[PDB]
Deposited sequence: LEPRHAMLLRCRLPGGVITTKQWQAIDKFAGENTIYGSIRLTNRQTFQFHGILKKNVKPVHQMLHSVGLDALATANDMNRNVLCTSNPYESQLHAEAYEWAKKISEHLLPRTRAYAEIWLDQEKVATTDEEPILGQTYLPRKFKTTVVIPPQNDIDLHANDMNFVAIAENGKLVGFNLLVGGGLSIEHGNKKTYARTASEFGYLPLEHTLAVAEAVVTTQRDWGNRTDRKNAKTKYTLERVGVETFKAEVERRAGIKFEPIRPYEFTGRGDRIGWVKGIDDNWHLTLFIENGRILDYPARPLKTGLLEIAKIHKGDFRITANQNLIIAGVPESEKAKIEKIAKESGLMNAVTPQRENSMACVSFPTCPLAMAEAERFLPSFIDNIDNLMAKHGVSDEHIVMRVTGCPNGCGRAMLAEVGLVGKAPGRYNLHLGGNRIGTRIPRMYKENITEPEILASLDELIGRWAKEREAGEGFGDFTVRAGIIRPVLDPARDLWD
């Protein structure tokens, strides 16, 4: 079961409702935070009465959860951007393939815009949103050994004033609906349509349908994709506590009652929670006076157990035991895999550094390995394709480096590479960029044509 929850914003009352249902009516008893800012129940033995009762609804609707940057550095921008994510979500509610949309607040790309069909990049002036840069056509799904499939980054269309948001959102969806491949589902996605007809042709039709003309793209840059683990100062006397939750799996573990700790926080929390695109949770809008109380519960529940920057910047999809399409373990493999990576980082004197490392259970790519600096794509039990060369901000697809290898083989490759990066990297140079500069891996410059060797 998966819920519609634009921007990952969920109330504490709604949380208590899902917490109950998870514990009592499911086989696993867990709440699994997803990387699209929502949650899932696993092994449902209905839910819709419970969801509906707290103002929630589980999503032929070819639409997924609309994402929104969860913790902007310019705190006051969130309310507006969030309002827009909710409106787009409602506006699109009832396509060839499924349609994924986001609202991004630079300089953060935590929502990983390049994995989505439609992206509205917020442009603000004097603390107020004035418009959006539209980027269209991202998607990560591939099929092993099938060179007709490819991961693709989103293309810039142009800038549009806030007022034209919904019309533009509608024009993109309808154009894709009409132009999308009407036979082969594995080529129906927007990324394929754009490559077939061309960005300008698609862009022109969108302008025609929306009744507008796109303005030149307004400047924007991204500095990262990670969450801001810990306390950050929000607006007023408010603070936001982001908790690192490994694999977003919320369950009570012996000596680490993560699920109960969150229920306890939900009961005393003023504001609401925010599920992030990195499968973490933000206890949002905590008044300064409440910080200590909240911190006490989170601390004792094991929710604030310190982890390395590496673990904080690693991600995996659900995979086994519940995913029917799984080829290799992802969620269940990640913890110990990162234990090994942590050793390698210490051995090389870079324990304070991080590499955006992701493991996806099969090429469908839910773990977003195809936008990682180091991506592992499951091929069979215990075997993965190793991709290198993405960057920290997620604007480049990593090329396949080694194919169908096992963990021991993966660690050996990374031990050597991390060692080279540690001694050869320039000031503040990321691992991915380093592999590309050092000639370790050829970059992917135009995915539709050069992703496959």
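Given the full deposited sequence, which segments carry no C-alpha coordinates?
No C-alpha coordinates exist for 1-8, 54-58, 73-75, 111-138.
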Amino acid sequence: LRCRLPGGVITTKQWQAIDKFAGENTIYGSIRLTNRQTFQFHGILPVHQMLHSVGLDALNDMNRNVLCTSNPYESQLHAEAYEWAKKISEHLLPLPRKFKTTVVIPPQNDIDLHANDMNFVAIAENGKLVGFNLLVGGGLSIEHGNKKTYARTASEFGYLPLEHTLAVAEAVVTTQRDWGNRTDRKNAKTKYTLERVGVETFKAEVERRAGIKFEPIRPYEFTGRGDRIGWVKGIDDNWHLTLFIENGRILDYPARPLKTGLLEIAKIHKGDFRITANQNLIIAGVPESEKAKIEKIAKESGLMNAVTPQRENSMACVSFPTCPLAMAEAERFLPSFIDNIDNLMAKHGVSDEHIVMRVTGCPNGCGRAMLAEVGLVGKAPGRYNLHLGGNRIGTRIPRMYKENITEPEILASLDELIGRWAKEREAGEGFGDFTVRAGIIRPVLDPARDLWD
From here on, numbers count along this sequence of modelled residues.
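Which has higher Cα B-factors on average according to the PDB entry: 405-413 or 390-398?
Per the PDB entry, the higher value belongs to 405-413.
Going by the B-factors listed in the PDB entry, is the mean over the C-alpha atoms higher for 186-194 or for 373-381?
For C-alpha atoms only, the mean B-factor is higher in 186-194.
If you compare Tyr253, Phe337, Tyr73, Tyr150, which has the highest Cα B-factor in the entry?
That would be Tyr253, according to the entry.
Reading the B-factor column of the entry, which of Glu143, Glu329, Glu125, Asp227 has the highest value at its C-alpha atom?
It is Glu125.
Should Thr174 be placed in the lowest, middle or highest third of its chain by the C-alpha B factor in the entry?
Middle third.
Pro94: which third of its chain by C-alpha temperature factor?
According to the entry, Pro94 has a C-alpha B-factor in the chain's highest third.
Considering only modelled residues of the same chain, in which third does the CA B-factor of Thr69 rank: lowest, middle or highest?
Bottom third by C-alpha B-factor.
Going by the entry, which third of its chain does the Cα temperature factor of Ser30 land in?
Middle third.
Select lowest, middle or highest to describe the third in which the CA B-factor of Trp84 falls within its chain in this entry.
Its C-alpha B-factor belongs to the middle third of this chain's values.
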